[PDB]
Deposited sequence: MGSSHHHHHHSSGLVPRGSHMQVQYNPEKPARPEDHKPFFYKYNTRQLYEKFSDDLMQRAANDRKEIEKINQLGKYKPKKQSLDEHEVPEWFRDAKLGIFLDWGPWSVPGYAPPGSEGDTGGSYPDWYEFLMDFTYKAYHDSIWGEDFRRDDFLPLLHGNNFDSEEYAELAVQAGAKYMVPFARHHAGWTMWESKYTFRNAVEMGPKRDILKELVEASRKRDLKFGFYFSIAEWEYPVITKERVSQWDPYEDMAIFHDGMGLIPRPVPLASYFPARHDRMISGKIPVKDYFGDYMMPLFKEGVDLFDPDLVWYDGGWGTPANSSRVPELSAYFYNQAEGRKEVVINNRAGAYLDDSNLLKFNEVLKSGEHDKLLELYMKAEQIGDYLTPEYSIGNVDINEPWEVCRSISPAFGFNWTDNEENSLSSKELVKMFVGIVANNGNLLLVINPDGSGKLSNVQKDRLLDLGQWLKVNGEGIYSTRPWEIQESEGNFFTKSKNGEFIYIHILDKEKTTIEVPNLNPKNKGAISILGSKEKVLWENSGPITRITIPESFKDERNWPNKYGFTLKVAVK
């Protein structure tokens, strides 16, 4: 029952969590029915793709274009919440190759990289699924999360609808491992989509392709030591740590309490994943699909191309939609990809400025709550603004991860950063939303954007140690063509051959006279 979510550890009278049905019980009651229902959905998907514009082929899917709303959005919120939020930890030195830290991998890595921590803090008898009842979500207010996104200046919201251990934020007909059956006992994704739609936030559907473990029905026994000859555990390469592939032996006392709620199938992809995706799309009508966890199986074999075509086709002539690039390797036997935009993770890297892209990260290294995170290891508001503008100037969006604890509460450090960014965007948003890169992006610590129609150039000034700005080939319309967003203060400037030389007004030498203390923005009418 009781833990402090801000310093989470084993409760004093921990009892094991047994879902009303174990995995064999779920097999005996639900598997056949689920597999029949899945067969029907697959036929529906095939027909929609038959009738529709888009076919499950790269050639066909690549012709879909990034919508204007996505290019114009610039800022999204990535709502990284789930059972992993309860322990809310990754240890020092366990960073991924991205450079990020992954508390949101705790459910898997508790038996591996994070096991020393788990053994001492939670106990060796505390299983993955024991976290599910502890994810009560009593401070999780879906209305306030949508409002916070708005107040942060975000134009889209992507909750972690279903991550790699298979727990769905929505009430599903294809799994009892869902938010109504387990944890907060409410349809969290439904609350969030309703809260988002009534605020004009675009809504993204985050969907893990593979899962770390899934119980499957087999035609032969895996080994002679197995209690069941008709059942196994399915893996692909998603977990990165080598496991038996495709099948591991199934042992109830080992597996049941890391797969609570999951109904066995013969075919993980066809019988479970495909219809679960369809259900999410059909129920929630997302504007965006954010695939993840598809590096373990080629997109050809996982059948994600059919899901991508479906998503496009059920939207055609209703709304413009977009998909990320994480469907997996697209082969025709590195590989190629499908999807509308690249998703560099934590570290921006070398980006192609010609095509819109999206970086995902939180204000710290953490993907998922880390209870040890605080002001000193997180971005300052100043650093966040600076980082955001740099992203936008280079044709990117920021999908800003936020990391609530097991109660669903967001730390003040994270709240304050979001509200400071949003308050900066309230003033300077005209130089951000619906902008495109200019022929210069960054110069002398100043950042440039242009309005998509080309009438205005914006210059974001973040450093109070500045007096003159020299901009080659700016070409202001007339001597009154330069102003400051959110201010009446007149900007004096002169041309000097090709270079425009701007003197910062006297009052703006001190950043307490700025409309917003984290930066001011010059608006330049050009032509």
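Missing from the model, by position in the deposited sequence, are residues 1-22, 356-378.
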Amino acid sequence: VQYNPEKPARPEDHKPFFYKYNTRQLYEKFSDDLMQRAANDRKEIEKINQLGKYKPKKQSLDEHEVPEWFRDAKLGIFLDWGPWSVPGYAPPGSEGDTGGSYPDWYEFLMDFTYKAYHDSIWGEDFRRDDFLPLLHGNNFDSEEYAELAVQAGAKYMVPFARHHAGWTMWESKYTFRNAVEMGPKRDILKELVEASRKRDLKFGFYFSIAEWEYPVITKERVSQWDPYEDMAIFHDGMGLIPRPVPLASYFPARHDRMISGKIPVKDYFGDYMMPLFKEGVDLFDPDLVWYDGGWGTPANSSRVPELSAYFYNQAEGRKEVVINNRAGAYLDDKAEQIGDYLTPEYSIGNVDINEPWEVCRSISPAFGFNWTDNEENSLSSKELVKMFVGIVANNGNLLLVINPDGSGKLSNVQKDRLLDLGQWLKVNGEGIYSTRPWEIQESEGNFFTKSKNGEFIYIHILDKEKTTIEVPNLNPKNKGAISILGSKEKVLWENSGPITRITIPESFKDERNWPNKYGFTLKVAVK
From here on, numbers count along this sequence of modelled residues.
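Checked against the record, the higher mean CA B factor of 349-357 and 75-83 lies with 349-357. For the pair 192-200 and 150-158, the mean Cα B-factor is higher in 192-200. Residue set 232, 110, 240, 245: peak C-alpha B-factor at 245 (per PDB entry). As recorded in the entry, 469 carries the highest CA temperature factor of 484, 461, 469, 481. Among the modelled residues of its chain, residue 443 has a C-alpha B-factor that falls in the highest third according to the deposited record. The deposited CA B-factor of residue 145 belongs to the middle third of values across its chain. Among the modelled residues of its chain, residue 330 has a C-alpha B-factor that falls in the highest third according to the deposited record. Residue 300 sits in the highest third of its chain by CA B factor, as recorded in the PDB entry.
Residue 174: CA B factor in the highest third of modelled residues in this chain (values from the PDB entry).
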